Amino acid sequence: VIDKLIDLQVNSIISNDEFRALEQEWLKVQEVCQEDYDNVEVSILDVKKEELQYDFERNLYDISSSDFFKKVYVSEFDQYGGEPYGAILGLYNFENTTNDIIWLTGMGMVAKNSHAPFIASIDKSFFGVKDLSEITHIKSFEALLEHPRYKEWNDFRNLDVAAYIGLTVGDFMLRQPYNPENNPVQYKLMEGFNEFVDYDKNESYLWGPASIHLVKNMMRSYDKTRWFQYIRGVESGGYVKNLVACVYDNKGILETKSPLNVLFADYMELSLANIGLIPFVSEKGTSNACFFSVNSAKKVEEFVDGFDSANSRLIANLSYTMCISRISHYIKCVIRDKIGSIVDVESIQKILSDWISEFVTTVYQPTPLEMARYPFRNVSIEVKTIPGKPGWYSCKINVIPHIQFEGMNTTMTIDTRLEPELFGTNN
Amino acid sequence: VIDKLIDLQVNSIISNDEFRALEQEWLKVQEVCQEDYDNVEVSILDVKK
Amino acid sequence: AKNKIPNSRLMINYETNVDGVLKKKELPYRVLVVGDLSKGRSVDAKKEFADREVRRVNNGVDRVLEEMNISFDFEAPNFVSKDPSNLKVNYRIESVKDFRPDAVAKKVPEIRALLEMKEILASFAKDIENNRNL
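Quick mapping for you: the protein sequence lines, in order, are chains A, B and C.
Residues in the first sequence are numbered from 5 upward in steps of one, following my numbering.
Residues in the second sequence are numbered from 35 upward in steps of one, following my numbering.
Residues in the third sequence are numbered from 113 upward in steps of one, following my numbering.
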């Protein structure tokens, strides 16, 4: 009967707020630093959202004086011996509020300069619904954003800084609740504890933002390959194997519970990519996921001229701005060595090109991984000295990344005109 | 039922004149200085007609 | 920030701005039709001509109809129920199949009284009871 107490005593503080707030805010921290690669050193910075809300909202029109900006740009990226950051990860959930909109506007103001794509997640309060599962009911989010409720948001999608924000939808289950027959608490070598239950039913037992696995794939897409082509699709990047599902015996026979918050359909995968969101879609029953779309919050536009239309399609694509960013981490990092050496217009075009040259091809290699070694297709690098300043220059590169698959239509038909020898008149 | 109060209390001053006169005369000020360009410094001069 | 970050020795920026003229979606070849449909019995028909919002028939003639309150209270010869008073057909049109001599008997309360018996009276099992077999 002492078990009856413990099953009440401990279950009183595990269900308690504040206590399970740290759980959420550490389980999803453990999730990131689970892989441990050869050359991918993560790093923490525990800060309340409000302590940054006040920061950017006070220094939106003076970002260089922002305290955070002075702990990522001018601190490690700018300074000599400093080690620059790469792809920040916002563990927060951002709504459609006109306050949280600034939070992104500021963090992106940093990311844009520090060159570090800021990945985050968006709350279910965005689509104006109290249960994220009920987003499936919305037909097309494309027609949704036309609603005047998103006016402030559509303005932000037009900003340049938004080409570095990458917001994710859906939240993966990060902990299985405690049952004796399922996920038993590892008791002690004598203190019988394994017989210990929890208390949940519908949908309210710990979640974590998809942004984790998104970044935790960018890490993967670096130890294996070297660039960030390997974070999309099933066969290529985002697959995310083996997630923490859940099972429960209400009355039937252990009816499984999908690991993901929401079971996105096919046209949901797409109808979100246009809004500038990253859906974390699940394979029904398979207890797995995959990132089909990896788009920034930047507007895609349309345009009449075909070239212009294609430009905006690649810029919105996050996976490229991750790569183009890695060139900035090459320039402002390596060329710093020869800051005093005597060099020319024809010499800087050598050093900068001789490097990137090993990462540009046209031929395709078997398998995705063996080819994702080569992110770019071709590059131009036209540097040129400026008048007045003798020792100063001004470069201007332009990279065309290997355009990813994105979909296709198809019209099948019985022609009966292909082989006229069987249906023709002459016989 | 405390919501019933607030839905009356605040809604009494948002609909009030003078208060919403500043709104009009600041919302359209924010509208101008929303873009923020590279070399276009606006400037104010609050004066009654 | 308009204040602009202090320039370092190697400032790289990455331009993400794109100019161009936006596209225009095609125009569906609209077809206006004008005829006395409601005979003066509809929400948009009862209003003055200066303000009659044209319909669209996005769905179909079945639902664009039901969108208009087309009812009618015209008299007709009585051959059902008791008491005087000619039969008063009174119901609003939902679908276009309402003029079908069938949906009428389902709508008009009086006629439905005879149809109600044909469900019970005609369903008399004089074939299950007559088929006794010992």
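Beta carbons are placed, not taken as given, at the ideal position from N, Cα and C, and that holds for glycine.
Can you tell me the Cα-Cα spacing of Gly392 (chain A) and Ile92 (chain A), whole angstroms?
39 Å
Same chain, Cβ closer than 6 Å to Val173 (chain C), neighbours up to 5 away in sequence not counted:
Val208
Can you tell me whether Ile205 (chain C) is buried or exposed, with buried defined as 16 or more other CB within 10 angstroms of its CB?
buried
For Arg224 (chain C), I'd like the list of residues in its chain whose CB is within less than 7 Å of its CB, leaving aside the five on either flank, ordered along the chain.
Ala217 and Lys218
Evaluate contact between the segment 130-140 of chain A and the segment 250-268 of chain A, counting only Cβ atoms and requiring at least three cross-stretch pairs below 8 Å.
yes
Going straight from the alpha carbon of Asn162 (chain A) to that of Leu61 (chain B), what length do you get?
20 Å
Burial state of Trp231 (chain A), where buried means 16 or more other Cβ atoms lie within 10 Å
buried
Output the boundary residues of the alpha helix (DSSP H) element that contains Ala277 (chain A).
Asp270 to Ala277
On the CB-based measure, 16 or more other CB atoms within 10 Å of its CB, does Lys302 (chain A) come out buried or exposed?
buried
Please report whether the beta-carbon of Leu139 (chain C) lies at a distance below 8 Å from any beta-carbon of chain A.
no
Assuming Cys327 (chain A) and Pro372 (chain A) make a contact with CB atoms under 8 Å, what is their CB distance in whole Å?
Rounded, the Cβ-Cβ distance is 16 Å, inconsistent with contact.
Assuming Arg381 (chain A) and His406 (chain A) form a contact by the criterion Cβ under 8 Å, report the distance between their Cβ atoms to the nearest whole angstrom.
Between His406 (chain A) and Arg381 (chain A) the Cβ distance is about 5 Å, and since that is below 8 Å, they are a contact.
For residue 504 (chain A), which beta-bridge partners are listed by DSSP?
Shown here, chain A extends from 5 to 431; a query on residue 504 (chain A) therefore has no answer.
Mind listing which residues of the segment 277-305 of chain A have their C-beta closer than 8 Å to chain C's C-betas, in chain order?
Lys302 and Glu305
Should the segment 348-355 of chain A be called in touch with the segment 159-175 of chain C, which here means at least 3 C-beta pairs below 8 Å?
no
Where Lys114 (chain C) meets chain A, residues with beta-carbon distance less than 7 Å
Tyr65
Could you tell me the distance, in whole angstroms, from the CA atom of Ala188 (chain C) to the CA atom of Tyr203 (chain C)?
If you draw a straight line from the Cα of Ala188 (chain C) to the Cα of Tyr203 (chain C), it comes to about 14 Å.
Is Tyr234 (chain A) helix, strand or coil by DSSP?
coil
Could you name each continuous alpha helix (DSSP H) segment of 4 residues or more that falls completely within the segment 116-159 of chain C, going from the start of the chain to the end?
none
Could you give the residue range of the beta strand (DSSP E) that holds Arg381 (chain A)?
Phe380 to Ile385
Taking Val192 (chain C) as part of the beta strand (DSSP E), name the residues at either end of that continuous run.
Element bounds for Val192 (chain C): n/a, residue is neither H nor E.
Report the CB separation of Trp211 (chain A) from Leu178 (chain A) in whole angstroms; it is logged as a contact under 8 Å.
7 Å
Unbroken stretches of the beta strand (DSSP E), 3 residues or longer, contained in the segment 22-77 of chain A
none
Tell me the DSSP bridge mates of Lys354 (chain A)?
Answer is none; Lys354 (chain A) lacks a bridge partner.
What does the Cβ neighbour count give for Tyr84 (chain A), buried or exposed, with the cut at 16 atoms within 10 Å?
exposed
With 8 Å as the C-beta to C-beta threshold (strictly closer), list the residues of the segment 304-327 of chain A near chain C in chain order.
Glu305, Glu306, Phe307, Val308, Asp309, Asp312, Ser313, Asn315, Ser316, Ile319 and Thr325
Residues of its chain near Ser183 (chain C), where Cβ-Cβ distance is below 8 Å and the 5 sequence neighbours each way are ignored:
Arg153, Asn202, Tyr203, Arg204 and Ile205
Quick one: what's got a C-beta closer than 6 Å to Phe307 (chain A)'s C-beta in the same chain, skipping five residues either side?
Here the set comprises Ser313.
State yes or no: is the C-beta of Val51 (chain A) within less than 8 Å of the C-beta of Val76 (chain A)?
no
Same chain only: Cβ atoms within 8 Å of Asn187 (chain A), ignoring 5 sequence neighbours per side:
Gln180 and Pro181
In this structure, what does DSSP give as the bridge partners for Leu281 (chain A)?
A:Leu171
Does DSSP put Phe81 (chain A) in a helix, a strand or coil?
helix
Which of the three DSSP states is assigned to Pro424 (chain A) in this structure?
Helix, per DSSP.
Alpha-carbon to alpha-carbon, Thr365 (chain A) and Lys53 (chain A):
43 Å
Measuring alpha carbon to alpha carbon, tell me which of A:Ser345, A:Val383 and A:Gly344 ends up nearest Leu356 (chain A).
Nearest C-alpha to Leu356 (chain A): A:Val383.
Taking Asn119 (chain C) as the reference, give the member of A:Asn413, A:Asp59 and A:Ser118 with the closest Cα.
A:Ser118
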